[PDB]
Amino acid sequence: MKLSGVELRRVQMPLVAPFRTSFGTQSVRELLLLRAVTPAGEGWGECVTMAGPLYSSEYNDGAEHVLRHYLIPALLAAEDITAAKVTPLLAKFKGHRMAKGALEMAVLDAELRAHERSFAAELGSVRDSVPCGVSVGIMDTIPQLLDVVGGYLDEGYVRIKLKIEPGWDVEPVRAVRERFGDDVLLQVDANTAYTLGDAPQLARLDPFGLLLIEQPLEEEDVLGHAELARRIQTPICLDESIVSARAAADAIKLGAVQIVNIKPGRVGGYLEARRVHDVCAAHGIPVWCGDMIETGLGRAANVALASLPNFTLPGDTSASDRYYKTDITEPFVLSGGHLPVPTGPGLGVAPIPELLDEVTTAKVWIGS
């Protein structure tokens, strides 16, 4: 198509329950949505950034700005657009992966709808539903965590993942293991909150049979993770460090990772995400799908992505009401601990206009 313009929206949605990680506390989600307009039809992208630069350097105001003054203008100046051409057209601009993948997701969605083809079919889905886990924040007390972990297990979540940070690690997993025992799929995630100095502490998690420990060290610190691997029993999983398919190939070559978390926005797009999936598959490295507290737009695309063959561990693609009282799309709802892969053209879902409007804070049109 040609790319007529992009409508860019800021959306603010109430969380059902405040969410705590090693980097802060959230109780509302502020996000950007993009509607790409083409002669052939519309498409939706969700940008995975947050309000400030706390998980990575990208954040809502920054992504809005690059999108509006560099990325979108570049795509608008282009003679031809396809989703694959987006990467080369924007290659001149360094970084901004999450912004780049928002835009690419919107162009992809417009392009597949026009061909009445699924995100799933495009990506190479091989199954119709996917097992879902849940990610449980840091709590103020051990019993609160216990009640909470008890809730999700009763709803049928198939695996539990505990946010951790210095001072909240060995106690919480021991608690969880004493209460629900050893058969429960359990893993932890530090969000870069430890250093190689903490290896003796993190080895105190050996005896608990965790599936993985996710990104214990800082995003640039790849050799560090290869080092840590040599000193702990729990397999290492990278999240923030995997910023591209090449990144994953390097981390694997260096013995820095055994299991990869794929998050599309963080790698610059669904298309690059599939490439991470294939690089990992070629080296024997299982992957699992990550979550950025997306609305139904992103959730739909992630559930599609999670259905690819090398997703061998349950992901973080929980049901909508894990985060949101009211999703802007048809919500995802757990069933036998699975979510079903969407079926129509494109994303397989679309915003319900009235619910979107209720949550829209700002709206802006970028054309020529």
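For every residue, the number given is its place in the sequence shown, counted from 1.
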With B-factors read from the PDB entry, the higher C-alpha mean of 75 to 83 and 222 to 230 is in 75 to 83
Of 130 to 138 and 260 to 268, the stretch with the higher mean C-alpha B-factor in the deposited entry is 130 to 138
Residue set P286, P143, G290, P88, per-entry CA B-factor max assigned to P143
When the entry's CA B-factors for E104, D250, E165, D278 are compared, the highest one belongs to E165
Chain thirds by Cα B factor, record data; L308 belongs to the lowest
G43: C-alpha B-factor third of its chain, per the entry, is the lowest
Chain thirds by Cα B factor, record data; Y59 belongs to the lowest
Here the Cα B-factor of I352, set against its chain, lands in the third termed middle
Temperature factor at the Cα of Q187, chain-ranked in thirds, falls in the middle
